[PDB]
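Residue numbers (the UniProt record's numbering), protein chains in the order written: chain B, 326 to 356; chain E, 326 to 356; chain W, 326 to 356; chain P, 326 to 356.
Don't be surprised by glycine CBs; every beta carbon is placed ideally from N, CA and C.
4 protein chains.
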Amino acid sequence: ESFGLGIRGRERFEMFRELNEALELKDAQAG
Amino acid sequence: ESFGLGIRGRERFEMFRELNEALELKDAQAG
Amino acid sequence: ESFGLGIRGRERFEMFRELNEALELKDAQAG
Amino acid sequence: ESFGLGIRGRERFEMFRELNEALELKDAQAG
């Protein structure tokens with residue numbers, strides 16, 4: 326289940342980008 | 326310009342979703 | 326309800342600081 | 326100088342809290 330989040334901001338998208346990569350890292354630490 | 330973030334997380338996407346809507350409101354206040 | 330956080334990051338804290346302010350604005354609009 | 330955050334939301338602080346803790350982990354990795 327994917328969700329498309331269209332944004333017209335490089336700064337905003339940058340945040341969600343760093344937050345998304347950081348969340349994925351936590352998963353690797355668990356398993 | 327214009328960046329689409331395809332997140333497969335209801336929780337994570339929920340955060341960026343609320344952050345995107347809240348960020349758009351600030352832009353309206355400016356000007 | 327009021328918790329405190331000890332962050333020594335001007336940029337990081339600045340981000341969460343903007344969210345808190347923008348969050349309070351959403352309550353005024355309600356919707 | 327340190328910057329305290331006074332949020333009136335357990336959920337909100339959780340986000341900013343998980344971000345600060347998750348962002349600090351990245352430093353340990355470095356590149």
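On the three-state DSSP scale, how would you describe residue i?
i        : result
P:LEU350 : helix
P:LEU330 : coil
B:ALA355 : helix
Given a cut-off of 8 Å, decide if residue j and residue i are closer than it, judged by their beta-carbon atoms.
i        : j        : result
P:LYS351 : B:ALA353 : no
W:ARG333 : P:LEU330 : no
So residue i packs on residue j, CB below 8 Å; how close in whole Å?
i        : j        : result
E:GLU326 : B:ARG337 : Actually they are not in contact, since the Cβ atoms of E:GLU326 and B:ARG337 sit about 12 Å apart, beyond 8 Å.
Members of the stretch 329-347 of chain E near chain B, C-beta cut-off 8 Å
Of all residues in the stretch 329-347 of chain E, the ones placed with a Cβ closer than 8 Å to any Cβ belonging to chain B are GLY329, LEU330, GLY331, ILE332, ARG333, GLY334, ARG335, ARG337, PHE338, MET340, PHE341, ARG342, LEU344, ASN345, in chain order.
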